[PDB]
């Protein structure tokens, strides 16, 4: 965590903007949490900050004999003396889903029940380092995530899976359109070797897109190797990649990258609520993370890195649209933005789409298109990264981006076009970085 904090610029958010996640509640569904008791026996990283601790997989036992859930929660918000999480003043809702067999049998058949329970406790961010290796398929769980996000303002994150490096290996429910799906780059701890030596390396095991219907997943990346975080007092050494001390130890996986981003989302949500005066929709938090992310060097579009590695300080200051307009087929929304040469111009359009059928060959339901016109008349369409930039239109993704590395100074015209909206109207969010 301490190194990952610097990589994703959570340090700048903390020290310069004062964003520690205070007043935000993050829910974690994972194996268990240290002793499983909300009392003075609990690990220092979480003692005193647990809103609710629910035992789903084993009756009245939310402890963590595995160590995965304690480590994950630690990276979101641990507030122990060392190795803090990204949002150490956020409060925790923990749903213990591990069963007596070490399986994830505490998950309900309808995931909306899981999310509802956490929502009723106050959580508005829900992070999940679990999934099924279904090679990019959109399953009933994916459908249920998408319906839940469209109806409730809960931001839900899923790990991409650990079945890389082959393409097409994204886990479900990480294949959901309306979730933020997170893959893993490397942490910078090079004395541990090649898995932790270049922050612009995708971790070899991180699952890679596209999804079965051709969408870009994961959405964003964060460090996921040799992450030092909270060690459950009941977990054995074999659960960790390396020891550190009795209270903290190392783990790696897309399970580790996901909670780092969840904590960053709590910092970003805090910023919008306290400093920008709005409650941001899930689509806007997603668009802000994507517009601010860094190309790790592979270029776009790319199923290995998605839209790049989270860079939180860029995401804080975006110009935005927060689901303030909704469109039906053939309508358009038009905005103007004055850009400065000298810094890249990145514009991201994101919408929480209608859930698809699991029998559909194409999961996108409502198709919006992003069209940007530059001061000298050049036009750019969403996700077209080959010149000319206005001949390849996107009909698959519910994220569309226009990234211009060397913009003209002057006013750009931003149009959001409703190409086909059968389940309308459809709202959207926009985030602009310059």
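Positions refer to the first chain, counted from 1.
Per the PDB record, of the two stretches 275 to 283 and 203 to 211, 275 to 283 carries the greater mean B-factor over its C-alpha atoms.
On average the C-alpha atoms of 152 to 160 have higher B-factors than those of the other stretch, with 152 to 160 and 291 to 299 being the two compared. Out of 408, 383, 397, 31, the entry records its largest CA B-factor for 408. Highest C-alpha temperature factor among 146, 270, 99, 313 per the entry: 99. Among the modelled residues of the chain, residue 194 sits in the middle third by CA temperature factor in this PDB entry. Annotation for residue 401: C-alpha temperature factor in the lowest third relative to the rest of the modelled chain, per the entry.
Residue 335: CA B factor lies in the highest third for its chain, per the PDB record. In the PDB entry, a CA B factor belonging to the highest third of its chain's modelled residues is recorded for residue 343.
When the CA B factors of the chain's modelled residues are split into thirds, the value for residue 429 lands in the lowest one.
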